[PDB]
Each structure stands twice: as structure tokens, then as C-alpha cells.
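Right, one structure below, let's go through it.
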Ligand SMILES: [Zn+2]
Ligand SMILES: [Zn+2]
């Protein structure tokens with residue numbers, strides 16, 4: 001290793017952007033942006049592996065460059 005001095009575009013997206021993944025919620029969760037029970041598409045949305053939030057495939061764009069920060073209750 002120890003290779004790769006430079007050769008990449010300007011990293012200008014967000015500090016700590018949420019990192020969701022295509023997963024199925026066993027139970028109907030509620031969005032944090034739209035605030036609508038995620039039941040459509042057989043409860044298929046986006047779950048963050050950091051804050052553990054639920055958002056529709058469209059409710060993510062609004063939180064694409066939003067600093068990930070979620071509490072730990074439970
Ligand atoms: Zn997050
Ligand atoms: Zn939503």
C-alpha cells in the first residue's frame with residue numbers, strides 16, 4: 001500500500017451524512033421528515049446504521065447531507 005498521493009475531485013457533500021440501507025422493517029415505523037407510517041412497498045424504506053431512523057426512498061433526499069445524530073433510548 002502506501003500509494004495514492006492525489007487524484008480526486010473536491011469532497012463537498014456533507015460532514016456526517018446519514019447512511020441508510022435497503023432493509024425491511026418487520027413493524028410499521030414512522031418517518032422523521034414526512035412523518036408518515038412507512039407501510040408502502042411492504043414496509044420497504046431506508047434504515048440508518050447510525051441513528052437507526054426510518055425514512056422513505058424520497059424522505060432521504062431531504063436528509064442526504066444532514067449530520068447524523070440520534071439519541072439512545074431503549
Ligand atoms: Zn443517521
Ligand atoms: Zn416518509
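In PDB author numbering, the protein residues as written are 1 to 74.
Note that beta-carbon positions come from the ideal geometry of N, C-alpha and C, so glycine has one too.
With contacts defined by Cβ atoms closer than 9 Å, residue 18 and residue 53 form a contacting pair. Distance between residue 32 and residue 13, taken at the CA atoms: about 21 Å.
Within the segment 38-67, the complete alpha helix (DSSP H) runs of at least 4 residues fall at 40-43. Scanning its chain for C-beta atoms nearer than 6 Å, with the 5 sequence neighbours on each side dropped, one finds around residue 68 the residues 16, 18, 50 and 51, in chain order.
With 5 Å as the limit, the residues whose C-beta approaches a heavy atom of ligand 1 more closely than that are 18, 48, 50, 51 and 68, in chain order. Relative to ligand 2, residue 33 has its C-beta within less than 8 Å of a heavy atom.
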